[PDB]
There are 2 protein chains.
Amino acid sequence: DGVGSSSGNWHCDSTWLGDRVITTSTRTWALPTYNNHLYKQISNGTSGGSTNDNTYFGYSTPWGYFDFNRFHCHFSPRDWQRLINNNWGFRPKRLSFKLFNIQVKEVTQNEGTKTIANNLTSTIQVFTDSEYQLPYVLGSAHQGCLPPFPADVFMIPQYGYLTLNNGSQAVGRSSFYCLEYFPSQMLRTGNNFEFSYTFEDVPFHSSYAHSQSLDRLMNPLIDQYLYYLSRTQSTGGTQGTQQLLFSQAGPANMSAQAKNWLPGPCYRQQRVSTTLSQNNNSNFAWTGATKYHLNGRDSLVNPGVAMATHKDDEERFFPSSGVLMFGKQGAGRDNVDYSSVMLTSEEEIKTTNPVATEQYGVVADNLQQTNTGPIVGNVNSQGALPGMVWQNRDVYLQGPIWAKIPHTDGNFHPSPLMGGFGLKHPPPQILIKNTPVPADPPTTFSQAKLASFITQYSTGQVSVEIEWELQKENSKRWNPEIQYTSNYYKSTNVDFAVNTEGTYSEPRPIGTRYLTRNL
Amino acid sequence: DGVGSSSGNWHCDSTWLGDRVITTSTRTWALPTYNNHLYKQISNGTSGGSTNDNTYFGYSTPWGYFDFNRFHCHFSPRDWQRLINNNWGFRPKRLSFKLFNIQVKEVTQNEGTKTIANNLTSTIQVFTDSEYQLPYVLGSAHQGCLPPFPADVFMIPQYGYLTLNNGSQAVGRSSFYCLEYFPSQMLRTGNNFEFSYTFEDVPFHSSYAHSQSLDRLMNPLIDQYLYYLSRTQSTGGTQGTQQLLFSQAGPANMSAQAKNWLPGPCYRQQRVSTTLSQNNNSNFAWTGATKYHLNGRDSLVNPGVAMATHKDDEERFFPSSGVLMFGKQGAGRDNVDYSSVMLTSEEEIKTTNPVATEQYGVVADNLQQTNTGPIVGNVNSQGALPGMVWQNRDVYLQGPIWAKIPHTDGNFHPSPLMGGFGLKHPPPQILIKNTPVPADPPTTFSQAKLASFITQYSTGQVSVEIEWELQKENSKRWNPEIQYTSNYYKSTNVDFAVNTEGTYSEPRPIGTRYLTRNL
């Protein structure tokens, strides 16, 4: 462990061993100094135009943290293709992390002349919340993950959290955390850091589509031995009389056959078309949105319960807030045009989950009588029922991977709504910070704390390795399958490559449900 | 492994052990930073004046690579003489490579004042494509090899490759490679790198000339017991009549004797003389050139199939594109005069291979009859025939060494047309790159990737060692032999030495076929 020797090699690879696949990636990071080594109370109440729905209260810390909760951080596009085109399901098993080749540099800004030199004696601090004692900030689709293209250098995000509030004020249950209160490890140039982690058991992800629909499971050649009320009036003429009349459903009345199962739950959203002329001429992006009310404040249901994006022949429609929406390369931050974002589509689950923009069904509304015609009413939101079967939301190459299940008393099907694996003990957070170095102190003692430090930052490499378990397909389907492939026609650039400027780009989102399977 | 200790010694030598000879050379290299650590799409279509024949599409990488595919990189001129004057053939056996004494320096450009300092903590990355997964760019006679004179310092070339295209656009089969996706090794000052390699079996190079011609293998004293049609008319007067007349060829008609073998294949090229007045007054360097048509675009046949440069007493002639052409020291790049280049000559293979500027022969053209005189026609291109025997193109002290055989289904005599050894698993490519070091990042998080780095470069030593196998001659020739020797008459400078300026120079090309041998 000397200054003149490296502390690790560049491991970036992926191997396939059958039911196993082991990904490995390495990147170069840079860590600035946040908040001038200060903790700061941050808050925003209903002051100004800030509505009650957007109030908060929390703290910003001088620490940074690593993030790789994104699939494209570990799979090349070719590897994603290899995976999704040949396997029915998969799940992670283990993980390894490593930091090495640390180098700290200080910057002297003198009369515009900016100079950078090495500071061989400075340190950084690193520790992992292996006991889940800090607010778990990962799993919220924040930026700052590892770049997709390994040749990119990225900046480490700053750590901050929120707690309970009342407007812009705190309450008696508000918590304050000081990260320095944790046992941490200090590294100089020549030290390295690493640790390992094991995933808890979790069901495989359903990387397939169903080749049958829920309402078409019967034999199309034979009838049932059951009966159903086929008619409640006399089949005669204009003098119809009350009668109770039954028949056996069969091939010509499959809509009436008795069934054993039932579609999954729903929470109706607002439908909107990509043909601007087909929409209402008014701004109802927030007014007509599907929200939920909690503690007096309202919140948008995004993306909400996994439901079918649209029924057949209606690809121009999509739920207002029921679809993951990625932005194209170099897209602006606020209020961009539709042409710069890429909409996903969960159409593949039409077989079991209801369409997100229609009612679950229709149910009896009153007690019919001789003088009262029967009335029926729409169901726009339906909780779980015994016999319901549904599918989860699909994952994507540039989507999240896992999320932490909130530690509460009860829950129901703890799969993350944004898609991925829900865990009780997710991979622990990894935090990092530059150790402060004070400038020259005064010559006489003073009680006041130091406030002048040397401006500096640091950089180094980081590597992650994940082992995945595979579930190979075992189909007996005769005809060929649908596979994700790239276009065969000539184009100016190559998909998933660099421009003439070296700017990486992803042309479209990529799901994982291509293979098929019976219900 | 400390900063204050060297990591290797200067090994530059050559030893002879009988059938073995072991060369060893060491040089000093310098590696800049290419493309500002960016991959860039490069292409050129039929736009502008660029003809369809010169379109391409590919990528330029921020990596450099080592090259020693040149004979003068391992043999001194004296050693080349020692080798070619005493052995019939040779071939390589093993190879060893080594990097050491690395030192990285960063340059600060401030107000014209350029300062250079050491950066003890920076690294470089090095790896070898030992599985031939990257486009093999070596074996194309590119510049950037090790300098001939060991006292020179050289610059490492930049790596780039090409793929399929349509004009200036890519197609569905175009491939894009990211070199960072390979497992690589990182070295600081004090680390070293090395590896070994073994050559596959390969026939010896024919370092000799034939003392007999193919058409003069018979005994000059005895006749044959065979016959040949000697005459088809009556030997009488002006009243010649049809007759079938035969005789035995012997010493006086060796051109008519029956033979067992046949000259090698040919592909006729255009002849041109060094006496400017003897050539046609028109520009036909491209129009009259020998080309070949592939995928709609035409390409020049250079240097083409190994054929004799010229027949006896015609040394002023040479094929337009059938001869390796080296440039003298300090020669310009584009459109220099003939007086500044050095033409080789494959005259030594006149015994078996056809002259490159004449027809292979002449063959029957129609069915002769009493009323139809026989017609015969030239053959200007001839494929392989059973019984053909030919020789390969000669190698040179400043020529290439090996080339990689393209991985296809079929081939035919896979010897590189430019001369040398054809291999299925050539020595692997060695790639190198400066690890990027970002400047001070901003104080608040930002999604955009880093784009400001510290300007730096690196340098060090490199050594190569190759073991060769020899094939000693076993002649019984009585009279003395032809040997390559230097001129005995006084001159201003010494061949293969430095000027008064220390500029090394090579006065002429040097083949390897001096000794003789029977057919």
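Residues numbered from 1 in each chain as written, not as in the entry; some residues may be left out. Chains lettered and ligands numbered in written order. Part of a larger assembly, values for the part shown. Heavy atoms only, no water.

- This deposited entry lists cryo-EM as its structure determination method and 2.56 Å as its resolution.

### With respect to helix α1 (residues 77-84) of chain A
Argument step 1. When α1(A) is considered as a whole, its buried residues turn out to be A:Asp79, A:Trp80, A:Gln81, A:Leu83 and A:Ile84.
Argument step 2. In this fold, the buried residues of α1(A) make contact with β1 (13-16), β5 (87-110) and β28 (456-472) of chain A. (Buried < 20%, exposed > 50% of the residue type's maximum accessible area, 1.4 Å probe, protein only. Helix = DSSP H or I, 4+ residues; strand = E, 2+ residues; numbered from the N terminus. Contact = heavy atoms within 4.5 Å.)

### Some words on the packing of aromatic side chains
Argument step 1. For the coordinates displayed, the defined rule picks out 60 aromatic pairs over all chains.
Argument step 2. Arranged with centres 5.9 Å apart and planes meeting at 75°, the rings of B:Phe57 and B:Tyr59 form a pair that is edge-to-face.
Argument step 3. B:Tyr59 gets classed as buried once you look at its relative accessible area, which sits at 0%.
Argument step 4. On the numbers, 6.4 Å between centres and 70° between planes, the contact of B:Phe71 with B:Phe90 is edge-to-face. Of this pair, B:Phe71 sits in the loop between β4 (56-65) and α1 (77-84) while B:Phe90 is found in strand β5 (residues 87-110), placing the two residues 19 residues apart along the sequence.
Argument step 5. Here B:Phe71 falls in the buried class, since its relative accessible area comes to 0%.
Argument step 6. You can call B:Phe90 buried: its relative accessible area is 2%.
Argument step 7. Positioned above the aromatic ring of A:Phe204 is the side chain of A:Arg91, whose terminal nitrogen or guanidinium carbon lies 4.0 Å from the ring centre. (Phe/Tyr/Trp six-rings, centres within 6.5 Å; stacked < 30°, edge-to-face > 60°. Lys NZ or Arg CZ within 6 Å of the ring centre and 35° of its normal.)

### Observations regarding the pairing of strand β18 (residues 297-300) of chain B
Residue and element names in this part refer to chain B.
Argument step 1. Where strand β17 (residues 291-294) and β18 come together, 4 bridges link them in antiparallel fashion. Counted as the bridge partner of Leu294 is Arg297 from β18.
Argument step 2. Taken together, β17 and the strand that follows it, β18, pair antiparallel across an intervening segment of 2 residues, in which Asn295 is found at a positive phi of about 50°. (Pairing = 2+ DSSP bridges.)

### Some thoughts on unusual backbone geometry
Comment: phi is negative for the bulk of residues other than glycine, and the bulk of peptide bonds are trans.
Residue and element names in this part refer to chain A.
Argument step 1. Cis geometry is adopted by the peptide bond preceding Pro303, which originates at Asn302 and carries an omega value of 0°.
Argument step 2. Phi at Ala141 is positive, roughly 55°, even though this residue is not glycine.
Argument step 3. In this structure, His413 takes a positive phi of about 50° despite not being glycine.
Argument step 4. Tracing the backbone shows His413 in the loop between β25 (402-404) and β26 (421-423).
Argument step 5. Classification of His413 by relative accessible area gives partly exposed; the value is 40%.

### Some remarks on the interface of chain A and chain B
Argument step 1. Counting from both sides, the interface comprises 59 residues of chain A and, opposite them, 50 residues of chain B.
Argument step 2. Across the interface of chain A and chain B, roughly 4,700 Å² is buried in total on both sides, 57% from carbon and sulfur atoms.
Argument step 3. Where chain A packs against chain B, one counts 2 salt bridges.
Argument step 4. Among the elements of the structure, β1, β2 (20-31), β5, β6 (113-118), β8 (153-155) and β28 of chain A are those that each provide at least two residues to the side of chain A that touches chain B.
Argument step 5. In terms of residue class, the side of chain A that touches chain B is built from 25 nonpolar, 27 polar and 7 charged. (Buried area = accessible area lost by both parts, 1.4 Å probe. Salt bridge = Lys/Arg side-chain N within 4 Å of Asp/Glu carboxyl O. Nonpolar A, V, L, I, M, F, W, Y, C, P; charged D, E, K, R; others polar.)

### Side note on the environment of A:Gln133
All names here are of chain A.
Argument step 1. Take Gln133: it is sitting in the loop between β7 (124-128) and β8.
Argument step 2. For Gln133, a relative accessible area of 43% translates into the label partly exposed.
Argument step 3. Apart from residues no more than four positions distant in its own chain, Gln133 is found in contact with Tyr177 and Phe182.

### Looking at the relation of the copies chain A and chain B
Think of it as a corkscrew move, a rotation about one axis and a shift along it, taking one chain copy to the other.
Argument step 1. With an RMSD of 0.0 Å, the operation that places chain A on chain B is a rotation of 72° combined with a shift of 0.0 Å along the axis. Taken together, the rotation and translation describe the operation of a five-fold axis. Taking the C-alpha atom as reference, chain A places A:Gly2 closest to the rotation axis, 6.0 Å from it. (Least-squares fit on C-alpha atoms.)

### Let's talk about α1(B)
Residue and element names in this part refer to chain B.
Argument step 1. If you check which residues of α1 are buried, you get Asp79, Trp80, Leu83 and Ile84. Down the axis, α1 shows its buried residues gathered within 125° of arc, on one side only.
Argument step 2. As for α1, its buried residues are in contact with β1 (13-16), β5 and β28 (456-472). (Arc of directions from axis to C-beta.)

### Quick notes on a nonpolar patch on the surface
Argument step 1. The grouping of A:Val3, A:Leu120, B:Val3 and B:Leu120 at the surface amounts to a nonpolar patch, some 290 Å² of accessible area in total.
Argument step 2. Within the fold, B:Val3 resides in the segment before β1. (Patch = residues over 30% accessible without salt bridge, like charges linked within 9 Å, V, L, I, M, F, W, Y side chains within 5 Å. Areas by Shrake-Rupley, 256 points an atom, 1.4 Å probe, with all protein chains shown as cover.)

### Observations regarding the environment of B:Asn380
Residue and element names in this part refer to chain B.
Argument step 1. With respect to the secondary-structure elements, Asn380 resides in the loop between β23 (376-379) and β24 (381-382).
Argument step 2. A sequence separation of 85 residues divides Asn380 from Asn295, and the C-alpha atoms of the two residues are 23 Å apart.
Argument step 3. The contacts of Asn380, once residues within four sequence positions are left out, are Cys266, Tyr267, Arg268 and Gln359.
Argument step 4. In terms of polar contacts, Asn380 uses its side chain to reach the side chain of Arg268, at 2.6 Å. (Polar contact = N/O pair within 3.5 Å; in protein donor to acceptor, adjacent residues only side chain to side chain.)

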